[PDB]
Amino acid sequence: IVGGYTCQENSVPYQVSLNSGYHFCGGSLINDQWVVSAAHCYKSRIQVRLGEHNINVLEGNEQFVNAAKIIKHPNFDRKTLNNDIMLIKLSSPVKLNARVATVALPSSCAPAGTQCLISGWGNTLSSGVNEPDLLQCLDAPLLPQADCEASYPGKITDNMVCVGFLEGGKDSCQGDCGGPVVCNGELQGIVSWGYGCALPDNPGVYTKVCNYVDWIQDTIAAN
Ligand SMILES: [Ca+2]
């Protein structure tokens, strides 16, 4: 998260860190045994880290659970990032509490101008890399589809939405991939891609979760 603020400890209880020896992506807990992330975050084994604030210090509220099934959307395209969405079924259900909680799926697609919360332990710099120890948050609004298309001609499909600021300075970045964009209590976006990080005229692009509520429910049901 570039240009954000440190989240209060455990105030974004659905945020998880995907770890394979180091933090590499975010995700969001949607039920006691499943997390939603981005397909670009796929790995053969993943440990899901819930209840975290400092990812390098054990502060007392972590729950670490291995991923049992890792399911990328069947039409994910690694080159255009269309359908960048993946579900992770945990090897056991987590203990839900005030610091480890679910976030709701969208009941409708959100309109341009809705204010949202984006979070993660991704790079916090617009040039080079800095990996933060503490979870970072960013308040940012969904942008009109026409601004998103004009910023990345021919690359935005109907399963993508831009969120952020055309002036640059505040954005998500690598390592926040797969994490949440929550608006008014529902998960509307998943960190996906962007040109650079926090650059003017290059807002963050996110998977539009309101297009996959059926796929999510169905998958959960079959697995
Ligand atoms: Ca910790």
# chains A, B, ... in the order shown; residues from 1 in each chain; ligands from 1
$ residues_around --residues "range 199-205 of chain A" --least-positions-apart "2" --cutoff "9 Å" --atoms "only C-alpha atoms" --output "NGL selection string"
:A and (126 or 143 or 148 or 151-152 or 156 or 160-173 or 189-197 or 207)
$ write_last_selection --atoms "C-alpha atoms" --output "mmCIF file, in the first residue's frame"
data_model
loop_
_atom_site.group_PDB
_atom_site.id
_atom_site.type_symbol
_atom_site.label_atom_id
_atom_site.label_comp_id
_atom_site.auth_asym_id
_atom_site.auth_seq_id
_atom_site.Cartn_x
_atom_site.Cartn_y
_atom_site.Cartn_z
ATOM 1 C CA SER A 126 6.170 4.218 -5.709
ATOM 2 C CA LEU A 143 -13.499 5.189 -10.259
ATOM 3 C CA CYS A 148 -10.432 3.072 -16.011
ATOM 4 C CA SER A 151 -6.095 4.863 -18.327
ATOM 5 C CA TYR A 152 -5.379 1.365 -19.826
ATOM 6 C CA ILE A 156 -9.928 -3.480 -18.979
ATOM 7 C CA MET A 160 -12.124 -5.378 -13.635
ATOM 8 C CA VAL A 161 -12.723 -2.017 -11.842
ATOM 9 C CA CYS A 162 -10.267 0.787 -11.089
ATOM 10 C CA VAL A 163 -10.043 2.131 -7.477
ATOM 11 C CA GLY A 164 -7.734 4.878 -6.312
ATOM 12 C CA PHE A 165 -6.681 8.334 -7.415
ATOM 13 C CA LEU A 166 -5.841 9.610 -10.911
ATOM 14 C CA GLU A 167 -3.335 12.035 -9.346
ATOM 15 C CA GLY A 168 -1.181 9.164 -8.035
ATOM 16 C CA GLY A 169 0.466 9.081 -4.568
ATOM 17 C CA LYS A 170 -1.843 6.496 -2.942
ATOM 18 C CA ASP A 171 -2.407 3.003 -4.383
ATOM 19 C CA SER A 172 -2.004 -0.724 -3.761
ATOM 20 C CA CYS A 173 1.268 -2.410 -5.006
ATOM 21 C CA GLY A 189 -12.626 -5.767 -5.219
ATOM 22 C CA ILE A 190 -9.473 -7.912 -5.093
ATOM 23 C CA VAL A 191 -6.022 -6.281 -5.658
ATOM 24 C CA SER A 192 -4.979 -7.368 -9.197
ATOM 25 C CA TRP A 193 -2.600 -5.160 -11.205
ATOM 26 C CA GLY A 194 -1.632 -1.673 -12.394
ATOM 27 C CA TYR A 195 1.155 0.059 -14.278
ATOM 28 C CA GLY A 196 3.755 0.963 -11.647
ATOM 29 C CA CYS A 197 2.386 1.827 -8.203
ATOM 30 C CA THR A 207 -11.068 -7.931 -9.908
#
$ closest_atom_pairs --of "chain A" --to "ligand 1" --cutoff "8 Å" --atoms "only C-alpha atoms and all ligand atoms" --output "Markdown table"
| residue | atom | partner | partner_atom_place_in_ligand_line | distance |
| --- | --- | --- | --- | --- |
| A:51 | CA | ligand 1 | 1 (Ca) | 7.5 |
| A:52 | CA | ligand 1 | 1 (Ca) | 4.7 |
| A:53 | CA | ligand 1 | 1 (Ca) | 5.4 |
| A:54 | CA | ligand 1 | 1 (Ca) | 4.3 |
| A:55 | CA | ligand 1 | 1 (Ca) | 4.2 |
| A:56 | CA | ligand 1 | 1 (Ca) | 5.6 |
| A:57 | CA | ligand 1 | 1 (Ca) | 4.4 |
| A:58 | CA | ligand 1 | 1 (Ca) | 4.0 |
| A:59 | CA | ligand 1 | 1 (Ca) | 5.0 |
| A:60 | CA | ligand 1 | 1 (Ca) | 7.2 |
| A:61 | CA | ligand 1 | 1 (Ca) | 7.4 |
| A:62 | CA | ligand 1 | 1 (Ca) | 6.1 |
$ residues_around --residues "range 127-135 of chain A" --least-positions-apart "3" --cutoff "10 Å" --atoms "only C-alpha atoms" --output "PDB file with N, CA and C atoms, in the first residue's frame"
ATOM      1  N   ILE A   1       0.926  -1.185   0.000  1.00  0.00           N
ATOM      2  CA  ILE A   1       0.000   0.000   0.000  1.00  0.00           C
ATOM      3  C   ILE A   1       0.949   1.215   0.000  1.00  0.00           C
ATOM      4  N   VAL A   2       0.900   2.042  -1.036  1.00  0.00           N
ATOM      5  CA  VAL A   2       1.702   3.279  -1.109  1.00  0.00           C
ATOM      6  C   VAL A   2       0.839   4.443  -0.672  1.00  0.00           C
ATOM      7  N   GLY A   4      -0.541   5.038   2.247  1.00  0.00           N
ATOM      8  CA  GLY A   4      -1.643   4.751   3.139  1.00  0.00           C
ATOM      9  C   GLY A   4      -1.268   5.097   4.619  1.00  0.00           C
ATOM     10  N   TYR A   5      -1.960   4.410   5.517  1.00  0.00           N
ATOM     11  CA  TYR A   5      -1.685   4.698   6.982  1.00  0.00           C
ATOM     12  C   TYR A   5      -1.687   3.294   7.643  1.00  0.00           C
ATOM     13  N   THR A   6      -1.023   3.138   8.784  1.00  0.00           N
ATOM     14  CA  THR A   6      -0.984   1.841   9.424  1.00  0.00           C
ATOM     15  C   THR A   6      -2.390   1.645   9.958  1.00  0.00           C
ATOM     16  N   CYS A   7      -2.961   0.453   9.729  1.00  0.00           N
ATOM     17  CA  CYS A   7      -4.324   0.144  10.213  1.00  0.00           C
ATOM     18  C   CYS A   7      -4.305   0.010  11.724  1.00  0.00           C
ATOM     19  N   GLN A   8      -5.407   0.318  12.445  1.00  0.00           N
ATOM     20  CA  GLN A   8      -5.258   0.009  13.929  1.00  0.00           C
ATOM     21  C   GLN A   8      -5.141  -1.511  14.010  1.00  0.00           C
ATOM     22  N   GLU A   9      -4.435  -1.969  15.082  1.00  0.00           N
ATOM     23  CA  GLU A   9      -4.208  -3.437  15.226  1.00  0.00           C
ATOM     24  C   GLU A   9      -5.453  -4.301  15.192  1.00  0.00           C
ATOM     25  N   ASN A  10      -5.538  -5.241  14.265  1.00  0.00           N
ATOM     26  CA  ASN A  10      -6.675  -6.162  14.125  1.00  0.00           C
ATOM     27  C   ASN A  10      -8.007  -5.501  13.745  1.00  0.00           C
ATOM     28  N   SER A  11      -7.916  -4.267  13.207  1.00  0.00           N
ATOM     29  CA  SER A  11      -9.164  -3.583  12.789  1.00  0.00           C
ATOM     30  C   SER A  11      -9.675  -3.982  11.431  1.00  0.00           C
ATOM     31  N   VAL A  12      -8.962  -4.848  10.718  1.00  0.00           N
ATOM     32  CA  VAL A  12      -9.420  -5.342   9.402  1.00  0.00           C
ATOM     33  C   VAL A  12      -9.319  -6.860   9.572  1.00  0.00           C
ATOM     34  N   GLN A  15      -8.675  -9.560   6.942  1.00  0.00           N
ATOM     35  CA  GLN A  15      -7.495  -9.610   6.053  1.00  0.00           C
ATOM     36  C   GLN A  15      -6.545 -10.766   6.454  1.00  0.00           C
ATOM     37  N   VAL A  16      -6.135 -11.523   5.443  1.00  0.00           N
ATOM     38  CA  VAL A  16      -5.137 -12.572   5.821  1.00  0.00           C
ATOM     39  C   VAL A  16      -3.909 -12.302   4.982  1.00  0.00           C
ATOM     40  N   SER A  17      -2.760 -12.936   5.397  1.00  0.00           N
ATOM     41  CA  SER A  17      -1.462 -12.858   4.658  1.00  0.00           C
ATOM     42  C   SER A  17      -1.238 -14.302   4.132  1.00  0.00           C
ATOM     43  N   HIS A  23       5.768 -13.415   3.369  1.00  0.00           N
ATOM     44  CA  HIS A  23       4.446 -12.833   2.927  1.00  0.00           C
ATOM     45  C   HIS A  23       4.530 -12.630   1.452  1.00  0.00           C
ATOM     46  N   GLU A  52      -3.290 -11.233  11.927  1.00  0.00           N
ATOM     47  CA  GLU A  52      -1.996 -10.586  11.984  1.00  0.00           C
ATOM     48  C   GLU A  52      -2.046  -9.067  12.000  1.00  0.00           C
ATOM     49  N   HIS A  53      -1.053  -8.465  12.596  1.00  0.00           N
ATOM     50  CA  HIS A  53      -0.915  -6.986  12.529  1.00  0.00           C
ATOM     51  C   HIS A  53       0.540  -6.882  12.126  1.00  0.00           C
ATOM     52  N   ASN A  54       1.486  -7.173  13.005  1.00  0.00           N
ATOM     53  CA  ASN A  54       2.896  -7.226  12.622  1.00  0.00           C
ATOM     54  C   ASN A  54       3.192  -8.615  12.010  1.00  0.00           C
ATOM     55  N   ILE A  55       3.486  -8.810  10.733  1.00  0.00           N
ATOM     56  CA  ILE A  55       3.723 -10.171  10.201  1.00  0.00           C
ATOM     57  C   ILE A  55       5.088 -10.657  10.680  1.00  0.00           C
ATOM     58  N   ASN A  56       5.931  -9.806  11.311  1.00  0.00           N
ATOM     59  CA  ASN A  56       7.221 -10.450  11.738  1.00  0.00           C
ATOM     60  C   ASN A  56       7.292 -10.583  13.254  1.00  0.00           C
ATOM     61  N   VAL A  57       6.228 -10.262  13.977  1.00  0.00           N
ATOM     62  CA  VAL A  57       6.260 -10.400  15.437  1.00  0.00           C
ATOM     63  C   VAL A  57       5.033 -11.159  15.832  1.00  0.00           C
ATOM     64  N   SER A 119      -6.345  -2.824   1.788  1.00  0.00           N
ATOM     65  CA  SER A 119      -5.316  -3.075   2.788  1.00  0.00           C
ATOM     66  C   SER A 119      -4.313  -4.176   2.358  1.00  0.00           C
ATOM     67  N   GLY A 120      -3.188  -4.157   3.109  1.00  0.00           N
ATOM     68  CA  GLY A 120      -2.239  -5.254   2.763  1.00  0.00           C
ATOM     69  C   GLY A 120      -0.827  -4.927   3.292  1.00  0.00           C
ATOM     70  N   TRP A 121       0.022  -5.942   3.118  1.00  0.00           N
ATOM     71  CA  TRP A 121       1.433  -5.805   3.521  1.00  0.00           C
ATOM     72  C   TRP A 121       2.315  -5.695   2.278  1.00  0.00           C
ATOM     73  N   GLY A 122       1.747  -5.227   1.195  1.00  0.00           N
ATOM     74  CA  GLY A 122       2.527  -5.040  -0.082  1.00  0.00           C
ATOM     75  C   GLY A 122       3.516  -3.854   0.026  1.00  0.00           C
ATOM     76  N   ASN A 123       4.275  -3.667  -1.010  1.00  0.00           N
ATOM     77  CA  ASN A 123       5.321  -2.575  -1.114  1.00  0.00           C
ATOM     78  C   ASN A 123       4.594  -1.227  -0.816  1.00  0.00           C
ATOM     79  N   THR A 124       5.316  -0.418  -0.094  1.00  0.00           N
ATOM     80  CA  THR A 124       4.741   0.923   0.263  1.00  0.00           C
ATOM     81  C   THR A 124       5.447   2.084  -0.530  1.00  0.00           C
ATOM     82  N   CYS A 173       0.009  -2.120  -4.274  1.00  0.00           N
ATOM     83  CA  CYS A 173       1.268  -2.410  -5.006  1.00  0.00           C
ATOM     84  C   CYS A 173       1.608  -3.871  -4.862  1.00  0.00           C
ATOM     85  N   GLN A 174       2.710  -4.325  -5.443  1.00  0.00           N
ATOM     86  CA  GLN A 174       2.973  -5.802  -5.383  1.00  0.00           C
ATOM     87  C   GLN A 174       3.046  -6.305  -3.928  1.00  0.00           C
ATOM     88  N   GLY A 175       2.424  -7.475  -3.688  1.00  0.00           N
ATOM     89  CA  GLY A 175       2.397  -7.977  -2.293  1.00  0.00           C
ATOM     90  C   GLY A 175       0.991  -7.647  -1.720  1.00  0.00           C
ATOM     91  N   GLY A 196       2.983   0.298 -12.761  1.00  0.00           N
ATOM     92  CA  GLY A 196       3.755   0.963 -11.647  1.00  0.00           C
ATOM     93  C   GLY A 196       2.915   0.840 -10.354  1.00  0.00           C
ATOM     94  N   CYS A 197       3.189   1.731  -9.447  1.00  0.00           N
ATOM     95  CA  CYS A 197       2.386   1.827  -8.203  1.00  0.00           C
ATOM     96  C   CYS A 197       2.281   3.312  -7.845  1.00  0.00           C
ATOM     97  N   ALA A 198       1.061   3.853  -7.638  1.00  0.00           N
ATOM     98  CA  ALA A 198       0.866   5.224  -7.217  1.00  0.00           C
ATOM     99  C   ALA A 198       1.290   6.247  -8.253  1.00  0.00           C
ATOM    100  N   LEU A 199       1.324   5.833  -9.510  1.00  0.00           N
ATOM    101  CA  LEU A 199       1.702   6.886 -10.499  1.00  0.00           C
ATOM    102  C   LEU A 199       0.472   7.627 -11.004  1.00  0.00           C
TER     103      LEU A 199
END
$ select_by_dssp --residues "range 67-210 of chain A" --states "alpha helix (DSSP H)" --output "PyMOL selection string"
chain A and resi 145-151
$ write_last_selection --atoms "C-alpha atoms" --output "short mmCIF file (atom, residue, chain, number, x, y, z; two decimals), in the first residue's frame"
data_model
loop_
_atom_site.label_atom_id
_atom_site.label_comp_id
_atom_site.auth_asym_id
_atom_site.auth_seq_id
_atom_site.Cartn_x
_atom_site.Cartn_y
_atom_site.Cartn_z
CA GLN A 145 -15.44 2.73 -15.81
CA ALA A 146 -14.63 5.28 -18.50
CA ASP A 147 -11.64 6.68 -16.52
CA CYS A 148 -10.43 3.07 -16.01
CA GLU A 149 -10.61 2.33 -19.72
CA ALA A 150 -8.93 5.57 -20.76
CA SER A 151 -6.09 4.86 -18.33
#
$ atom_distance --atom1 "CA of residue 29 in chain A" --atom2 "CA of residue 41 in chain A"
15.2 Å
$ residues_around --residues "residue 63 in chain A" --least-positions-apart "3" --cutoff "8 Å" --atoms "only C-alpha atoms" --output "mmCIF file with N, CA, C and O atoms, in the first residue's frame"
data_model
loop_
_atom_site.group_PDB
_atom_site.id
_atom_site.type_symbol
_atom_site.label_atom_id
_atom_site.label_comp_id
_atom_site.auth_asym_id
_atom_site.auth_seq_id
_atom_site.Cartn_x
_atom_site.Cartn_y
_atom_site.Cartn_z
ATOM 1 N N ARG A 49 -2.307 -16.910 7.066
ATOM 2 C CA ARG A 49 -1.965 -16.307 8.369
ATOM 3 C C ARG A 49 -3.076 -15.312 8.720
ATOM 4 O O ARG A 49 -3.179 -14.259 8.021
ATOM 5 N N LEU A 50 -3.878 -15.639 9.676
ATOM 6 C CA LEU A 50 -5.040 -14.810 10.112
ATOM 7 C C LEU A 50 -4.724 -14.143 11.431
ATOM 8 O O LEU A 50 -3.759 -14.496 12.150
ATOM 9 N N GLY A 51 -5.470 -13.039 11.681
ATOM 10 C CA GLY A 51 -5.215 -12.336 13.011
ATOM 11 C C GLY A 51 -3.901 -11.605 13.047
ATOM 12 O O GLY A 51 -3.447 -11.253 14.162
ATOM 13 N N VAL A 94 -11.215 -21.982 11.064
ATOM 14 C CA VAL A 94 -10.589 -21.098 12.024
ATOM 15 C C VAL A 94 -11.554 -20.763 13.172
ATOM 16 O O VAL A 94 -12.747 -21.071 13.103
#
$ closest_residue --among "A:118, A:98, A:221, A:209" --to "residue 86 in chain A" --atoms "only C-alpha atoms"
A:209
$ atom_distance --atom1 "CA of residue 99 in chain A" --atom2 "CA of residue 25 in chain A"
19.3 Å
$ closest_residue --among "A:46, A:215, A:182, A:111" --to "residue 74 in chain A" --atoms "only C-alpha atoms"
A:215
$ closest_residue --among "A:183, A:81, A:138, A:220" --to "residue 35 in chain A" --atoms "only C-alpha atoms"
A:220
$ residues_around --residues "residue 40 in chain A" --least-positions-apart "4" --cutoff "8 Å" --atoms "only C-alpha atoms" --output "VMD selection string"
chain A and resid 78 81 84 to 85 177 to 178 192
$ select_by_dssp --residues "chain A" --states "strand (DSSP E)" --output "number ranges by chain"
A: 5-6, 15-19, 23-31, 34-37, 47-50, 63-72, 86-90, 115-120, 136-141, 160-163, 180-183, 186-193, 204-208
$ write_last_selection --atoms "C-alpha atoms" --output "mmCIF file, in the first residue's frame"
data_model
loop_
_atom_site.group_PDB
_atom_site.id
_atom_site.type_symbol
_atom_site.label_atom_id
_atom_site.label_comp_id
_atom_site.auth_asym_id
_atom_site.auth_seq_id
_atom_site.Cartn_x
_atom_site.Cartn_y
_atom_site.Cartn_z
ATOM 1 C CA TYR A 5 -1.685 4.698 6.982
ATOM 2 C CA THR A 6 -0.984 1.841 9.424
ATOM 3 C CA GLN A 15 -7.495 -9.610 6.053
ATOM 4 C CA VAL A 16 -5.137 -12.572 5.821
ATOM 5 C CA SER A 17 -1.462 -12.858 4.658
ATOM 6 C CA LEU A 18 -0.604 -15.781 2.304
ATOM 7 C CA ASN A 19 2.818 -17.129 3.253
ATOM 8 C CA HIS A 23 4.446 -12.833 2.927
ATOM 9 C CA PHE A 24 3.606 -12.859 -0.777
ATOM 10 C CA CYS A 25 -0.047 -11.932 -1.110
ATOM 11 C CA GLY A 26 -3.253 -10.941 0.767
ATOM 12 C CA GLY A 27 -6.710 -12.562 0.804
ATOM 13 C CA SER A 28 -10.052 -12.128 2.605
ATOM 14 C CA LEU A 29 -11.806 -14.601 4.914
ATOM 15 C CA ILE A 30 -15.390 -15.170 3.676
ATOM 16 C CA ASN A 31 -16.397 -18.126 5.912
ATOM 17 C CA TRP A 34 -12.502 -20.344 2.934
ATOM 18 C CA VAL A 35 -10.520 -17.311 1.756
ATOM 19 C CA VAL A 36 -10.841 -15.427 -1.557
ATOM 20 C CA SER A 37 -7.691 -14.077 -3.255
ATOM 21 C CA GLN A 47 0.027 -21.188 4.723
ATOM 22 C CA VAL A 48 -2.822 -18.750 5.540
ATOM 23 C CA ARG A 49 -1.965 -16.307 8.369
ATOM 24 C CA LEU A 50 -5.040 -14.810 10.112
ATOM 25 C CA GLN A 63 -3.977 -18.311 13.663
ATOM 26 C CA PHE A 64 -1.828 -20.152 11.036
ATOM 27 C CA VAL A 65 -3.612 -22.735 8.881
ATOM 28 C CA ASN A 66 -2.490 -24.563 5.766
ATOM 29 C CA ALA A 67 -4.414 -24.299 2.517
ATOM 30 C CA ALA A 68 -6.060 -27.655 1.620
ATOM 31 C CA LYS A 69 -7.552 -26.753 -1.825
ATOM 32 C CA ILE A 70 -6.333 -23.827 -3.928
ATOM 33 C CA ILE A 71 -8.728 -23.135 -6.798
ATOM 34 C CA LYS A 72 -7.993 -20.611 -9.484
ATOM 35 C CA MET A 86 -8.964 -17.846 -6.575
ATOM 36 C CA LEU A 87 -10.529 -19.627 -3.587
ATOM 37 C CA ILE A 88 -8.564 -21.269 -0.799
ATOM 38 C CA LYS A 89 -10.193 -23.903 1.392
ATOM 39 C CA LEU A 90 -8.395 -24.130 4.774
ATOM 40 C CA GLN A 115 -15.542 4.973 -0.757
ATOM 41 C CA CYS A 116 -13.685 1.771 0.103
ATOM 42 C CA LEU A 117 -10.915 0.411 2.321
ATOM 43 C CA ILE A 118 -7.942 -1.339 0.667
ATOM 44 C CA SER A 119 -5.316 -3.075 2.788
ATOM 45 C CA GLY A 120 -2.239 -5.254 2.763
ATOM 46 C CA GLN A 136 -1.361 -0.745 5.902
ATOM 47 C CA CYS A 137 -4.756 0.661 4.936
ATOM 48 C CA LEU A 138 -5.909 3.165 2.291
ATOM 49 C CA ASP A 139 -9.317 4.858 1.935
ATOM 50 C CA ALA A 140 -9.998 5.168 -1.855
ATOM 51 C CA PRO A 141 -12.967 5.358 -4.101
ATOM 52 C CA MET A 160 -12.124 -5.378 -13.635
ATOM 53 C CA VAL A 161 -12.723 -2.017 -11.842
ATOM 54 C CA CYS A 162 -10.267 0.787 -11.089
ATOM 55 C CA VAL A 163 -10.043 2.131 -7.477
ATOM 56 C CA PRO A 180 -9.438 -6.775 -0.201
ATOM 57 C CA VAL A 181 -11.291 -3.683 -1.399
ATOM 58 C CA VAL A 182 -14.240 -3.512 1.093
ATOM 59 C CA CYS A 183 -16.995 -0.875 0.598
ATOM 60 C CA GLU A 186 -18.904 -5.946 1.388
ATOM 61 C CA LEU A 187 -15.938 -7.203 -0.588
ATOM 62 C CA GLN A 188 -16.199 -5.378 -3.981
ATOM 63 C CA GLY A 189 -12.626 -5.767 -5.219
ATOM 64 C CA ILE A 190 -9.473 -7.912 -5.093
ATOM 65 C CA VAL A 191 -6.022 -6.281 -5.658
ATOM 66 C CA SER A 192 -4.979 -7.368 -9.197
ATOM 67 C CA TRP A 193 -2.600 -5.160 -11.205
ATOM 68 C CA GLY A 204 -4.943 0.331 -9.399
ATOM 69 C CA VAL A 205 -7.037 -2.304 -11.293
ATOM 70 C CA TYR A 206 -9.003 -4.863 -9.224
ATOM 71 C CA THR A 207 -11.068 -7.931 -9.908
ATOM 72 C CA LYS A 208 -14.776 -6.978 -9.810
#
